[PDB]
Amino acid sequence: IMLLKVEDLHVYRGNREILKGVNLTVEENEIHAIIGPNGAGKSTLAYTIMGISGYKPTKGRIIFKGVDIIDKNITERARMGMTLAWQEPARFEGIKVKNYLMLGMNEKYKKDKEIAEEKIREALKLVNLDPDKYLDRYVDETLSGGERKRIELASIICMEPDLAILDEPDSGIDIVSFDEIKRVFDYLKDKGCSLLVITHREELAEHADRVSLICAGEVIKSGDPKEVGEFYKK
Amino acid sequence: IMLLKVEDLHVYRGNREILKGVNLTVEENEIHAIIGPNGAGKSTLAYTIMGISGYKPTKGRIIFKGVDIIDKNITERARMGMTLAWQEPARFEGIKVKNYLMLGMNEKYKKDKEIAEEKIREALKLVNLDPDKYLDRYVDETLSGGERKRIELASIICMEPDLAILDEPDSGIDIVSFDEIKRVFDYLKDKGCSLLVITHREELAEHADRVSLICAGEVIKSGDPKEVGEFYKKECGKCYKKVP
Amino acid sequence: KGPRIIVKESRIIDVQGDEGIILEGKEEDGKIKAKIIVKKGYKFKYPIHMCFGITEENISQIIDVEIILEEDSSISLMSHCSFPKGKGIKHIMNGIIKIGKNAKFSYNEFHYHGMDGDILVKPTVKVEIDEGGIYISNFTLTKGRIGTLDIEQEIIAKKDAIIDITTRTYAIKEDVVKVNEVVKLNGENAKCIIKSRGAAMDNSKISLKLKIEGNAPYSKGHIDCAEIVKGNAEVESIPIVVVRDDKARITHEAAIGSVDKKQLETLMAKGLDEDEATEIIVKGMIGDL
Amino acid sequence: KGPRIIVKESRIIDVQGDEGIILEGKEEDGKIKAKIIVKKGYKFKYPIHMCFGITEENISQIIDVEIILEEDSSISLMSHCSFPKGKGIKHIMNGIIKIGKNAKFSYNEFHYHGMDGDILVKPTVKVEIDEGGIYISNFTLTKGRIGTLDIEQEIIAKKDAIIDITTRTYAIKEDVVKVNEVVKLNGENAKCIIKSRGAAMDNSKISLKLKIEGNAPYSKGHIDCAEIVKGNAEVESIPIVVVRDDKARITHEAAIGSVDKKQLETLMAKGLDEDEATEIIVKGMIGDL
Ligand code: SF4
């Protein structure tokens, strides 16, 4: 069975629409990228599927694992195996990095202290952060913007969801090259996760299994990245 | 005579040593780019040459146009042909965009109001803003991080120094390819400026005339843009320690 | 021409109105009485104008005014005060304003004074906002001597209402400034912003009191204050916040004294010195170039 | 063992000193009298200890204490209060503290209470700081019921002096909290920080009053305040700033009410519920876990 169906979806914020008649789907073990111009509704989809406050379907329907989710809050949607990473994460006064990474940790790793402490060290090295410098620091305003965004991607590796939504995963990171990011997408797909990626990089879109183009709140074209990116360019 | 020379420079931030004896030189009409891991020396070097308060050397020298500058204040350094652009620029209560771009303008443009007026519209078109909707807006908290950064780049073009120092020049701008930025570097060099550029991207470093790599407060490599770029990709892109 | 009120030397000279708008003005017990009403559903394209002028000495003005907005209506008005050669002046005004369902109101006042320094200005205002109503106001005193200034405001608001308040001043020589204003948020989803800006010089002294009460669910409020001190002037500020509900949130910030160091260093790096840079920042704060 | 003062059942049970520091204490006129004197040039590897304990009904105790710290010297002071049975008890203390040229002082106070609410705690202190001196102070009351709490501080500082002050509280049932603190920066280059954190629930009442006066060249100050409201609790806060020099600067920041929405939604998107997510945010702010 498919992971996700979005069907005839309409959304308005204040006076007028941001999404109109959208139709979309995601398979098991798939990397799917969404592309398009700014203001086309890309982040408004990501908040609407996860169910963040102030976004609700006015018409249409959303189905996850063959079950309807419009009756469900953020906690109930997260318990089914869905999650989100924000484009610019929040800061917490008085919470340590090593305590933050234990929240929502997958039911395979969470059971034992050794297996959890090594999962945290593996996740920090995989984003190029030295564990011995960062485990005892706070998740507050004393981290730089690039450090805080690398810590949020180490959290997704510890949760290991069935579906993850990333809104600009390369924005605000001090990347040497995009081969830092593609190494994380390879690691998650190897464990069986499905990814929805919203991005402005043609370099990351080339790496997806399928790509879709959203413009002015409507889906225009989808399929092979080599067709739809070159169609979008003109 | 070299435009800038830096000799055996050390710098402290309270009880912490950050720079550990760097040596640098910049020639007339050159683009020189500095790369490496963030926080390891990149921004403190740029503040120390401009003389920004709380950034002062414990040993070494800085020589500009053959004069040793260790006694001179920010206004005296700016009078003889040096300027800085910050990573996150300041916000002003009640100052309008057409008043801000006029303030530092080069002494060859300041003498006629029509030459000053055309230079500001040329400089706004070069950074892909639309002049006639932006000139009357305030340089305040209402602007987004990408609007405020495009306005600071229009100021360097209008000010036209002998040496410009840029700290993270694309940071805060959402952009699909760097060819907007490379066009501005080419324009400044055609007018006869020299650029000192601080970055994390390889795509901007391969456009420079020379490249140097700073790690843990020291120079690790310097030379041809292409030989240092391959080392940066191969070795630094899989390193989590960030200290040799 | 348009709808208006005109007063000179404490005498009424003109008052007139369009269709859907009613204006009244007359003299009683040495005071001026005035009234304004806009009827159900009318939204107006342009402001009402009220104008005051005093060229004489030892003159006094007392005004009482009532303003009524009916359902779905919208209006704004301008106050102009010119006191050239002004000496021994008193200006006092008392306002009652009522804002109906889904209605909108905005108010502006601007003062021009000479250098002769013997002036008292004293506005007192009380306001009620019904379901979904909008209120905006602005006071500016930045040209000439202030003399003595007293501000009093009291605002009470119901559900879905919105409030936005501003004051801007510039004080010199022996000028004295007093500000006191209170907002009560008594319905769900109501919100407000309060702003003050200015600079003080010479021997002048300034006191600011600002209050918000959050009494109802989903209420929001913000206060922010900035003041620049030069010479041997003195400044005091006292912002107050109270919260009585599980679902309300209120925040505040302020900075008082000399100019911000990063703004000063940014202008020095463009070729100015401290005295050139400090005056550019002050001219921004008071609304000049 | 180490330099200490110990009291139980309103009676002194031990006072002891060490080489370079003099300690004394006695009972007079219904009060405890105590002394600490530190000799010129001495510095110590440890804190000094104060201890108070009550395990019986209807007790009232009063302490007057004087602390002298001479040139180039340093100490740290630890005080513990445990009150496991709350049946109608009074704790009152008055402190005088003097710190000399280049001296360093720090004070910590901790309270542990039971489940009964008939408690009153009343600490009062006056502090003098001479050139280049340092003052640190911390009050913590986050376990058991509070009852009624009422705190007063006055501080005066000379040139090159450093001050910082912290208080943390958690109020439940019918608890009452009041705090009143004032700092005068009278010397050149003097600096301070004032910080408060807490949460309130049930039928609790909180009032906070904080003041900085900036009177002299290159003096600097900051006030930082945050409070979380739940249930039928009420909160009031009044920060005050005064400045009287061309070269001083003071800043203030505050937030009062519910937790922030983006912080809460971020924790629910990781599979927690809203009562698990709210209590994680509170224990970080009050520094419990
Ligand atoms: S590889 Fe060497 S130069 Fe590059 S970041 Fe690591 S330690 Fe620094």
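What you see below is based on every heavy atom in this structure, not just the backbone, and it leaves out hydrogens, waters and symmetry mates. Within every chain, numbering begins at 1; the chains are lettered A, B, ... in the order of the sequence lines, protein sequences first and strands thereafter.
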Note to self: Surrounding NZ of D:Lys122 (heavy atoms of other residues, nucleotides or ligands, distance under 6.0 Å), is the total greater than 12?
What the structure shows: yes
Item checked: Point-to-point distance, once rounded to the nearest 0.5 Å, from CG of C:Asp246 to CD1 of D:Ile228 -> 11.5 Å
Margin query: Sort by residue number and list every residue of residues 252-285 of chain D having at least one heavy atom under 4.5 Å from chain C.
Written below: D:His252, D:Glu253, D:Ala254, D:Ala255, D:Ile256, D:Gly257, D:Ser258, D:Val259, D:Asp260
Item checked: Partner residues of C:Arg168 under the salt bridge (charged side-chain N to carboxylate O under 4.0 Å, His left out) criterion, sequence neighbours left out -> B:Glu93
Margin query: Surrounding NZ of D:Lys247 (heavy atoms of other residues, nucleotides or ligands, distance under 6.0 Å), is the total greater than 12?
Written below: yes
Check: Heavy-atom count around C:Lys220 NZ within 6.0 Å, excluding the residue itself: above 12?
Finding: yes
Margin query: Check this for me: D:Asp288, atom CG, are more than 12 non-hydrogen atoms of other residues, nucleotides or ligands nearer than 6.0 Å?
Written below: yes
Notebook entry, point to check: How about residues 132-139 of chain D versus chain C: which residues have heavy atoms under 4.5 Å apart?
Noted result: none
Next item on the list: Count the heavy atoms belonging to other residues, nucleotides or ligands that lie under 6.0 Å from NZ of D:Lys191, then report whether that count exceeds 12.
Entry: no
Checklist line | Top contributor to chain D interface from C:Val235, C:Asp245, C:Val242 [non-hydrogen pairs under 4.5 Å] | finding: C:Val235
Margin query: Just to verify, what does D:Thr148 make a side chain to side chain donor-acceptor pair (under 3.5 Å) with, not counting sequence neighbours?
Written below: none
Item checked: Heavy-atom neighbours of D:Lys209 NZ exceed 12 at 6.0 Å -> yes
Margin query: Just checking C:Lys184: does its NZ atom have more than 12 heavy atoms from other residues, nucleotides or ligands closer to it than 6.0 angstrom?
Written below: yes
Next item on the list: Working to the nearest 0.5 Å, report the span between CD1 of C:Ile240 and CD1 of D:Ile238.
Entry: 5.5 Å
Next item on the list: Flag yes if more than 12 heavy atoms outside D:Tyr218 fall under 6.0 Å of its OH atom; otherwise flag no.
Entry: no
Note to self: Quick check for you: among C:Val229, C:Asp224, C:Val243, C:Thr251, which has the greatest number of heavy-atom pairs under 4.5 Å with chain D?
What the structure shows: C:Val243
Check: So does D:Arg244 pair up with C:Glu234, basic N to acidic O under 4.0 Å?
Finding: no
